[PDB]
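S.K.: Chains as they are written, first to last, in the authors' numbering: chain Q, 1 to 9; chain C, 1 to 479; chain E, 4 to 148; chain D, 37 to 574, 580 to 863, 866 to 984; chain B, 444 to 542.
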Ligand SMILES: *[C@@H](CCOC(=O)CCCCCCCCC)OC(=O)CCCCCCCCC
Ligand SMILES: *[C@H](CCOC(=O)CCCCCCCCC)OC(=O)CCCCCCCCC
Ligand SMILES: [Ca+2]
Ligand SMILES: [Ca+2]
Ligand SMILES: [Mg+2]
Ligand SMILES: [Mg+2]
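(1) Considering only residues of the same chain and omitting the five flanking positions on each side of residue 640 of chain D, which have a CB-CB separation below 8 Å?
(2) Check this for me: beta carbons of residue 329 of chain D and residue 842 of chain D, under 7 Å apart or not?
(3) Is residue 400 of chain C buried or exposed, if buried means 16 or more other CB atoms sit within 10 Å of its CB?
(4) When you compare only the Cα positions, how much space is there between residue 361 of chain C and residue 435 of chain C?
(5) Roughly how many angstroms lie between the CA atoms of residue 278 of chain D and residue 483 of chain B, to the nearest whole one?
(6) Would you say the beta carbon of residue 18 of chain E is closer than 6 Å to some non-hydrogen atom of ligand 3?
(7) Which runs of the beta strand (DSSP E) fall wholly inside the region 414-471 of chain D and span at least 3 residues, in chain order?
(8) Here's a check: name, in chain order, each residue in its chain whose Cβ is nearer than 6 Å to the Cβ of residue 890 of chain D, leaving out the five neighbours to either side.
(9) What residue does the beta strand (DSSP E) around residue 366 of chain D start on, and which one ends it?
(10) Going residue by residue through the region 948-975 of chain D, where are the continuous beta strand (DSSP E) segments of at least 3 residues, counting only ones entirely within it?
(11) Sorted by chain position, which residues of the same chain lie with C-beta nearer than 6 Å to residue 344 of chain C's C-beta, five sequence neighbours on each side aside?
(12) Hey, would you say residue 356 of chain D sits closer than 7 Å to residue 421 of chain D, going by beta carbons?
(13) What residues from chain E crowd round residue 845 of chain D, counting only those whose CB sits closer than 9 Å?
(14) Please report the Cβ distance between residue 766 of chain D and residue 795 of chain D, rounded to the nearest whole angstrom; I am assuming they are in contact, meaning their Cβ atoms lie under 8 Å.
(15) Cβ of residue 412 of chain D within 6 Å of any heavy atom in ligand 1?
(16) Give me the residue from D:618, D:887, D:951 with the minimum Cα distance to residue 905 of chain D.
(17) Tell me which same chain residues have a C-beta within less than 6 Å of the C-beta of residue 347 of chain D, skipping the five on either side of it?
(18) I'd like to confirm something about residue 519 of chain D: is its beta-carbon nearer than 6 Å to some heavy atom of ligand 1, or not?
(19) What are the boundary residues of the beta strand (DSSP E) that residue 99 of chain E is part of?
(20) Ligand 8 and residue 484 of chain B: does any heavy atom of the ligand fall closer than 6 Å to the residue's C-beta?
(21) Can you tell me which residues form a DSSP beta bridge with residue 384 of chain D?
(22) What is the residue span of the alpha helix (DSSP H) that residue 253 of chain C lies within?
(23) Starting from residue 389 of chain C, trace the beta strand (DSSP E) in both directions and tell me its first and last residue.
(24) Which residue comes first and which comes last in the alpha helix (DSSP H) that contains residue 353 of chain C?
(25) Can you tell me whether residue 864 of chain D is buried or exposed, with buried defined as 16 or more other CB within 10 angstroms of its CB?
(26) Among C:411, C:439, C:442, C:427, whose alpha-carbon lies nearest the alpha-carbon of residue 196 of chain C?
(27) State yes or no: is the C-beta of residue 193 of chain D within less than 7 Å of the C-beta of residue 5 of chain E?
(28) Which same chain residues, not among the five before or five after residue 315 of chain C, have their C-beta less than 6 Å away from its C-beta?
(29) Quick one: which residues of the region 664-693 of chain D get their C-beta closer than 8 Å to a C-beta of chain C? List them in chain order.
(30) Tell whether a beta-carbon distance below 7 Å holds between residue 376 of chain D and residue 503 of chain D.
(31) Given the structure, does residue 70 of chain D come close to ligand 3, in the sense that its CB is under 6 Å from one of the ligand's heavy atoms?
(32) Determine the chain C residues that contact residue 498 of chain B at a beta-carbon separation under 9 Å, and present them in chain order.
(33) Let me know the secondary structure DSSP gives residue 461 of chain C once reduced to three states.
(34) Taking residue 52 of chain C as the query, report the chain D residues whose CB atoms sit under 9 Å from its CB, ordered along the chain.
(35) Could you check what DSSP says for residue 794 of chain D in three-state terms: helix, strand or coil?
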């Protein structure tokens, strides 16, 4: 499939 | 209703798509893997950089908590095999120019070498056969090496004197440079056989006769091609500076060594602490640990050296640094012949080019006449260590995949006997430059990463894919 | 309204900032060892019983960690004598422990849960009894030490 | 007619329209067994999903063929090809229809007798019939004036115990609520502007997100003009709808205009008639996705931040360079006011029918339809870098981790052109012989479909806010594309009859499709159907019918699946591409989908039996059907091992099966003269099962999935759309293995089968009261079943805002049945390592003990689907007025949804991947659902 | 060296008239009045795109070039409203007058 990214905190 | 309209009008007529139109896609495809996704995770395994404290993209590559289902090389496996290698197959079907066949076999062989240095086994003899074999078997890394080196031998033997007839973005039809690339690839692969203790007798004399001929390449073997535009940047810059936010901070073992040797190269691709003006590397895998110990507000991005993406956008993708060529040649003179001066002269050459590739031409004597002066290298083991640690430095921000592979072969930098938590409490315990096992470490058997998982896409569609093994199982040449 | 839930000993788990007094010659000595405020954690057991929790000094005083009995209704905890320490081969005895919600006052002046208990270590060649007392760590950097 | 031998349902215009929905299918959401209807989102006015008897085609054409006045309608969908970063849906082709123009809708559910319509009918037929000319007392004018509101429904259930911070510790810049427990204390927050920073009581804003949303507003106007003679009928209609939904600003907008003229004229044996329609829409979407999108920014808000306080841009602390957090997110109000995502469409469709009766028993019908569309989309984003990066905390002060790198702006425009042509030439023969009756129909059908677009893209805008292709110093990007498919088929249909009670039908058709290999373009499919009214009994049984059918429906492939192609060389790398040309050189690569010139046609085979009865004075009815569908050999781009040199091969699949029960039961327990009371219950249960996928390619292939994450598949023995996800390891006794140092769950090596997309059953429940001119309807939609992915839950777990994360008061915790895995044989030991306050954030963000699979959510829901309160005025009142009829009407839709306690996050009627099979992967922070209610005024003249 | 362009134009005009007519004969005279409103909206837009220097000499496709493509976009919009009247005077089908 296609990618997702983490968040930030 | 005319029904004969199923010829797809969005693509040319297949009889108009000739070799000179396909071949430029071979090297571009390889470079988008070996210079991007593969490169990226190799730079964590070789401990050049780490995960920034404020983002989370590569947590599981730093803490070795990825699995087979993480699909960390699925894109590159697709690129190399259904992109470059199928196109390579198409070029050999269409053209008969021995000079073009040679440059394709080299990019072919190189692509198989990148796969093998990742999953040990790789589809090879049965690969690229389409419906005739949708489930090719995965040969052993040694069958492949012995084969792709066999393909190169034949392809060089077929040259008749004519020149290349195809758009070459690597060497621009310079047949000498492709010959050198083949020899550098033989030097590279011949050494793997030696340090694997497999047919080490003959491959050693071949290693020696190569260096005596010096029929290698000049400059770097690169793809100088990229523009700071959408869809046309350097692959790794694209992924990580444009596609995502800043995710890389410098890693502890790369900073400590660059800081101990007084190396001015420590400013190329590394930025100073935004809060102290110093160079600060993160302990491999230690992002969540250092946050607990020091506090949230005392381990943000400001407190660690960020990796610089500025020199990225147009930076080429490397297949074989010139520095690394000499460091491989300096090793050969050191431990297989017995020139100390020719090894000294190759060692100093490698560092000289690397100082010049970066913005530091004419400052190599800061490493060659101070600390890393080779003069201070007593034992030959004291010298190989110096060679191998300078190879490791030269490959930072150039060819991370080859650093990971070269780390695994020479087992230098050494693994630190002290743990990440130990090296964080004390600091004199740590020999600067030695690798550190990741503080969080998802390998049940500890230690450093030794291979990539098999591509999940091959797991699901190729029943002949070898069985999933943990990251700690070495490839066939690491011992 | 959905209930978040928790472990059976939830309200008595926590992060605490404590100081260790000692009863010496009948009197109580405020921080005799000069240790200042130290961090320690209480938390549930892998069994998740509402009758026992861990007490963990995080290695910041005697290097101890044991399971204490819990009376979760009363918000008290204790041992019935000297119980094995799990950090190193020693024994520990906990007495008269309680968690007093909102009874404390943070460095910034806010209500926090008080934790206080008596402790004895079987390898304390002076054989003293110490009073560990403190407050629930809020999370603001101003309530740290 | 209604001698049919398979399931079907007739609905009449008034039920279609009383709900005042902008759309002809939404109001039927849970009211027809076997016919699964859903909206992609509550964003005006996006596509709608209609799938009949489960998914047969993977992937991904499962809409029913819509037929209006005898002519196939275009039901193309326009939704974003990347639902991860830029979710938007601009509409469904069937949505152009004007309600108020429908006279009857009949959904043919079976695929046994589909000769009259083509292969597209295998997915069901929605046979629409528009109002025609009628003589009435007035001048022939019906006016409908509507007005409605839409407020938010189901916002995620939030924790309100902890505010801004990370690791348990207070922060001033966070996008999450992993900070300390709330106390009255006055704390700093946000960035510093001009040596100043804001001070706010550290308290919770429980309604901060709820107050962000508005009340959507929509006004509707519908006019119809009508009249007829004994030789002629003429209908003309206009409809206008304008919607501005509940997301603030006008970025969530839908304008709809329709115009229609329908006429027929008889003269002798000859009847000629025509229907012509124009359809306009303009759409604006509040893009969704994991980037700088409105809602993704909205959910990553700490529980203590007043969101309605971030709008005023004259407060420099709300500027994009000083906005209170720099963490992959920006001010939601800045996104809504400065991003562009528009779409406008123009559509013309209609038909000419020529009828000629001859020789007592024959009718010649010639019918030709044309459907043409032009649509333009324009979307853009500012050059956030050039405007805000330099010299600001959110820009330069965050260096390479800035939300503005490299957000240099882009603008694109696409113009899409679509054109479909159908021609039918039929002869009908209809003659009685004695008690028997014979009706035969023969015909030829010809079809042409064509789609084209032109796309242009600029990046790195010069003037940073201006969207125009001249506004860029860098190379632009062009793309063009077209598809053309043609079909010809001939067909016969023999309907035989004995008395008024024994009906036999026999269909056949044989098509020639351009999309199959040259030497195998022809495919033949027959059917048989029976109907037996066993009403031959001396009042207790009003009606009594028994059905049976057995038939086939062929099908062809999509366009260009036969020959090898060579594409312009590109390479997909994670989060970007490297495309040719470089540098000055163009190049081509071998297309990674292996074509096949040995394909055969698709063949769906269905068996079906049914029973319909009515009792008393039509006070109790029921209809039940038992079907069994196998779509076989469908042409599909099947996943292959890239080492073969390709990533897919086009070949004929195995069987996809759908069998089940459709049940409808209705009755009138009270029927006075002044009063009625009806009840209705319908029930569907489908058993999806992919039967085989060619072995040589492994037996599995991806429908949709995240790289290294949750993925929906089709697997050889399982229902369509099976999810695999991340799962924690367990020891041989079922205890969850945790890491000995952090205490956090460890991944179980492999995924991870965690359910499928199918509801286990669906059912609806309806009542209908009627007194004098008063009428009331209440509908409930009930589906209980599988699972979907929910990024709404994911992002709210990661962000510490979901109530579920306030677990254990966030005190350190040992996972309640943890075990640590230990020379070369394994040993398991009780775990004593707790998860620390500083890592509780990561325990929940990863998914807790469930890990990745935590974010598959129970698809189930029970919903108050629609309510209609109708007031038909007494005719007495209208004697001194121009009015023939006045029906005042108050209504509501999607009013309330009940899920199981494990779903405190979404209304499960969501997606971000379109209205077909791929949309069943779930929602990627699609915009929240709406509660819609309003009034309609109906004036007949 | 080859060239290939494509352009898609979109034109659209809308006209609306609302009128009231009055026609009444008196003593051989005849009166015809007309009062009206006009509303006009004319719009044109297009999208152009061109590539030069074709890679495959004969294929005409925006993909067939290793050089920069040329794009252009354009749109105009104009509106007008008016009110008008037209008075028709008539005497015995002999004298006709109009204002
Ligand atoms: C495309 C679909 C394939 O077309 C056919 O089936 C062949 C043409 C038969 C239709 C003509 C029947 C005439 C009966 C009196 O369809 C087209 O390309 C349309 C071509 C133009 C046909 C115009 C017919 C004018 C009658 C008003
Ligand atoms: C463009 C020209 C600008 O003029 C107008 O705004 C037209 C207003 C008059 C509306 C007359 C309604 C008559 C009712 C019997 O005009 C437009 O762009 C069209 C705007 C929408 C007009 C819809 C017309 C509905 C007719 C059934
Ligand atoms: Ca709105
Ligand atoms: Ca609680
Ligand atoms: Mg390819
Ligand atoms: Mg080794």
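C-beta atoms are modelled at their ideal positions from N, C-alpha and C, and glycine is treated no differently.
M.R.: This is what the structure holds:
(1) Taking the fourth chain and counting its residues from 1, one reaches residue 640 of chain D at position 599. Closer than 8 Å at Cβ, skipping near neighbours: 552, 553, 556, 598, 602, 603, 676, 691, 692, 693.
(2) Locating residue 329 of chain D in the fourth chain gives position 293, counting from the first residue. Locating residue 842 of chain D in the fourth chain gives position 801, counting from the first residue. At a Cβ-Cβ threshold of 7 Å, residue 329 of chain D and residue 842 of chain D do not count as neighbours.
(3) Translated into positions along the second chain, residue 400 of chain C becomes position 400. The Cβ neighbour count for residue 400 of chain C, taken over all protein chains shown within 10 Å, is at least 16; the residue is labelled buried.
(4) Residue 361 of chain C sits at position 361 when you count from the first residue of the second chain. Residue 435 of chain C sits at position 435 when you count from the first residue of the second chain. Rounded to whole angstroms, the gap between the alpha carbons of residue 361 of chain C and residue 435 of chain C is 28 Å.
(5) Indexing the fourth chain from 1 puts residue 278 of chain D at position 242. Indexing the fifth chain from 1 puts residue 483 of chain B at position 40. Residue 278 of chain D and residue 483 of chain B: Cα-Cα distance of roughly 21 Å.
(6) Within the third chain, numbered from 1, the residue matching residue 18 of chain E stands at position 15. Not under cutoff, so the answer is no.
(7) Uninterrupted beta strand (DSSP E) stretches at least 3 residues long and entirely within the region 414-471 of chain D occur at 446-469, given in chain order.
(8) Here the question's residue 890 of chain D lines up with position 847 in the fourth chain. Counting only Cβ-Cβ distances below 6 Å, and skipping sequence neighbours, we find 897.
(9) Working through the fourth chain from its first residue, we reach residue 366 of chain D at position 330. Looking at the DSSP string, residue 366 of chain D is not in any beta strand (DSSP E), and its letter there is neither H nor E.
(10) Qualifying beta strand (DSSP E) stretches: none in this window.
(11) By 1-based counting over the second chain, the position of residue 344 of chain C is 344. For residue 344 of chain C, where only same-chain residues beyond five positions count, the Cβ hits under 6 Å are 374.
(12) Taking the fourth chain and counting its residues from 1, one reaches residue 356 of chain D at position 320. Taking the fourth chain and counting its residues from 1, one reaches residue 421 of chain D at position 385. For the 7 Å CB-CB criterion, residue 356 of chain D and residue 421 of chain D do not form a contact.
(13) Taking the fourth chain and counting its residues from 1, the one referred to as residue 845 of chain D is at position 804. Under the 9 Å cutoff, chain E gives 5, 7, 8.
(14) Residue numbering aside, residue 766 of chain D sits at position 725 when the fourth chain is read from its first letter. Residue numbering aside, residue 795 of chain D sits at position 754 when the fourth chain is read from its first letter. A Cβ-Cβ distance of about 5 Å is found for the pair residue 766 of chain D and residue 795 of chain D, placing them in contact under the 8 Å criterion.
(15) Locating residue 412 of chain D in the fourth chain gives position 376, where the first residue counts as 1. Not under cutoff, so the answer is no.
(16) In the fourth chain, counting from the first residue as 1, residue 905 of chain D sits at position 862. Cα-wise, what sits closest to residue 905 of chain D is D:951.
(17) Counting from one through the fourth chain, the residue named residue 347 of chain D turns up at place 311. Its chain contains 369 as the residues whose beta carbon lies nearer than 6 Å to that of residue 347 of chain D, once the 5 sequence neighbours on both sides are disregarded; these appear in chain order.
(18) Within the fourth chain, numbered from 1, the residue matching residue 519 of chain D stands at position 483. Outside the cutoff, so no.
(19) Counting from one through the third chain, the residue named residue 99 of chain E turns up at place 96. Bounds of the beta strand (DSSP E) holding residue 99 of chain E are 94-108.
(20) With respect to ligand 8, the structure offers nothing, as its ligand set consists of ligand 1, ligand 2, ligand 3, ligand 4, ligand 5 and ligand 6.
(21) Counted from its first residue, the fourth chain places residue 384 of chain D at position 348. As computed with DSSP, residue 384 of chain D is found in a beta bridge with D:314, D:408.
(22) Residue 253 of chain C sits at position 253 when you count from the first residue of the second chain. For residue 253 of chain C, the enclosing alpha helix (DSSP H) begins and ends at 252-260.
(23) Along the second chain, read from residue 1 onward, the residue named residue 389 of chain C stands at position 389. No beta strand (DSSP E) contains residue 389 of chain C, which is instead part of the alpha helix (DSSP H) from 380-394.
(24) Numbered from 1 along the second chain, position 353 holds the residue referred to as residue 353 of chain C. Its alpha helix (DSSP H) spans residues 341-357.
(25) Shown without residue 864 of chain D, the model has chain D running from 863 straight on to 866.
(26) Here residue 196 of chain C is taken as the residue at index 196 of the second chain, counted from 1. Checking every option, the nearest Cα to that of residue 196 of chain C belongs to C:411.
(27) Position 157 of the fourth chain holds residue 193 of chain D. Position 2 of the third chain holds residue 5 of chain E. Yes. Within cutoff.
(28) Sequence index remark: in the second chain, residue 315 of chain C carries index 315 (1-based). Result list for residue 315 of chain C: 234, in chain order.
(29) Listed in sequence order: 680, 681, 682, 683, 684, 685, 686, 687, 688, 690.
(30) One-based indexing of the fourth chain puts residue 376 of chain D at position 340. One-based indexing of the fourth chain puts residue 503 of chain D at position 467. One thing to note: residue 376 of chain D has its Cβ within 7 Å of the Cβ of residue 503 of chain D.
(31) As a working note, residue 70 of chain D is residue 34 in the fourth chain. Not so, every heavy atom of ligand 3 lies at least 6 Å from the Cβ.
(32) One-based indexing of the fifth chain puts residue 498 of chain B at position 55. Here the neighbours are 12, 21.
(33) Walking along the second chain from the start, residue 461 of chain C turns up at place 461. The answer is helix: DSSP assigns residue 461 of chain C an H, G or I state.
(34) Along the second chain, read from residue 1 onward, the residue named residue 52 of chain C stands at position 52. By Cβ distance, chain D contributes 436, 437.
(35) Start at 1 with the first residue of the fourth chain, and residue 794 of chain D comes out as number 753. It is a strand residue.
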